[PDB]
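# I need the structure of the sequence given here:
(one chain, ligands or ions: 2)
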Amino acid sequence: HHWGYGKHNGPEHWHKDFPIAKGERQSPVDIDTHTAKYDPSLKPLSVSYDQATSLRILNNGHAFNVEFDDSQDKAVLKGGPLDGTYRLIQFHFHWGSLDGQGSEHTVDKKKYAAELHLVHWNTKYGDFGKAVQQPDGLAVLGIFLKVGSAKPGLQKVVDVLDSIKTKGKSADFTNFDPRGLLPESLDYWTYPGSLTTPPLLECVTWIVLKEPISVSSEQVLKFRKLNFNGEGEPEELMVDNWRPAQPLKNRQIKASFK
Ligand SMILES: NS(=O)(=O)c1ccc(C(=O)NCc2ccc(C(=O)c3ccccc3)cc2)cc1
Ligand SMILES: [Zn+2]
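Numbering: from 1, shown residues only. Ligands and ions are numbered 1, 2, ... in the order given. Next up is the structure itself:
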């Protein structure tokens, strides 16, 4: 009985195996744009993915991860609310069964069709495992997806999904440039939060971009053809793999713009 997104193992059940699910710094959250405040202390955000080295794509039973070689200082995120350098380790998405839902963070309660998470770990901690035990160990850059025009840079990911349809399947995925998934503007909101899936660790500095990228209906439809199940098991489409907004509690969301 593993955690998941169904009626009997979904978000409302996670707290039993992962008590921190009812913690003081859980993610995602609804971003109330009128309550968020411009923060002059934020430094310019720097996304440097020019030397990014992708290696593989994997269906892990809850989403698919495009993994990167993070043994060297390549794709890094710095600046903004961050102190130091954070290295890109993987990206994945959360999406819905319908275009009207799918994102984890919401903006004035608005839900987008999907949300991309580019996961980075603080290099002061040596590696990802050590980083996820620190309060400033990770930085996740979140980007909303809306359905409209296709995103050319996403097509390479879409086309390989046929080969990793079920849980446990992986496929070589080299030379993918994540710069092709970024919107024009880097305006963002930021707040201290957590991993949005078990173990739900509270080690993340969230940076959520205000401008969503557009993807076509055809592209998101292919995301929805993936399976939560393993090969040869009853088919459960991989849709609605998002956690709903959690209590903001004692936190303030800061904006990088006025
Ligand atoms: N959706 S999100 O961007 O917030 C998000 C990002 C990344 C992971 C993730 O990496 N989960 C897998 C994982 C693997 C190992 C450890 C780990 O080393 C550890 C586990 C429990 C306690 C201490 C460390 C933690 C998470 C989960 C969610
Ligand atoms: Zn995620």
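# And the residue of the stretch 1-150 of the chain that's closest to ligand 1?
Residue nearest to ligand 1 within the stretch 1-150 of the chain (CB to the nearest ligand atom): residue 117, separated by 3.7 Å. Yep, even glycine has a C-beta here, placed from its N, CA and C like the rest.
# Check which element follows the helix or strand where that residue lies along the chain.
Using DSSP states H and E, the element containing residue 117 is strand 114-122. The helix or strand immediately downstream of strand 114-122 is helix 128-131, counting by DSSP H and E.
# For that following helix, buried residues please.
By neighbour count on 16 or more other CB atoms under 10 Å, the buried set for helix 128-131 is 128, 131.
# helices or strands up against it?
Other elements packing on helix 128-131 under the criterion 3 or more CB pairs under 8 Å, 6 or more residues apart in numbering; DSSP states H and E are strand 114-122.
# Return the residues of the stretch 101-250 of the chain in contact with ligand 1.
In this structure, the stretch 101-250 of the chain approaches ligand 1 at residues 117, 119, 129, 132-133, 140, 195-197, 199, judged by CB under 6 Å from any ligand atom.
# right, and the pair among those residues with maximum separation?
117 and 133 (19.8 Å; CB to CB).
# Between these two, which is the more surrounded one?
Using other CB atoms under 10 Å as the criterion, residue 117 and residue 133 rank with residue 117 on top: 24 against 10.
# Just give me the residue right at the centre of the chain.
The centre of the chain sits closest to residue 117, judged by CA atoms, centre = their mean, with a distance of 2.0 Å.
# List the residues that contact the residue lying closest to that one once chain neighbours are set aside.
Ranked by CB to CB, 6 or more residues apart in numbering and with sequence neighbours excluded, the top spatial neighbour of residue 117 is residue 140, at 5.2 Å. Contacts for residue 140 (CB atoms under 8 Å, 6 or more residues apart in numbering) come out as 117-120, 204-207.
# sorry, back to before: other SSEs contacting the strand holding residue 117?
In terms of contacts (3+ CB pairs under 8 Å, 6+ apart), strand 114-122 is packed against strand 76-80, strand 85-95, helix 128-131, strand 138-147.
# By neighbour count, which of the contacts of residue 140 wins?
In those, the most neighbours by other CB under 10 Å go to residue 120, 30 neighbours.
# ok, what's across the strand from that one?
When bridges are called by DSSP bridges, residue 120 pairs up with residue 88, residue 139.
# That one contacts residue 76, doesn't it?
Yes - between residue 120 and residue 76 there is a contact under CB atoms under 8 Å: 7.4 Å.
# so what sits against both of those two?
86-88.
# Relative to its centre, which residue of the chain is most distant?
Centroid-distance maximum for the chain: residue 232 at 28.5 Å, with CA atoms, centre = their mean.
# what about the residue nearest to residue 105 when sequence neighbours are not counted, neighbour count?
Of all residues not flanking residue 105 in the chain, residue 28 sits nearest, at 4.2 Å (CB to CB, 6+ apart). Residue 28 is flanked by 23 other residues according to other CB under 10 Å.
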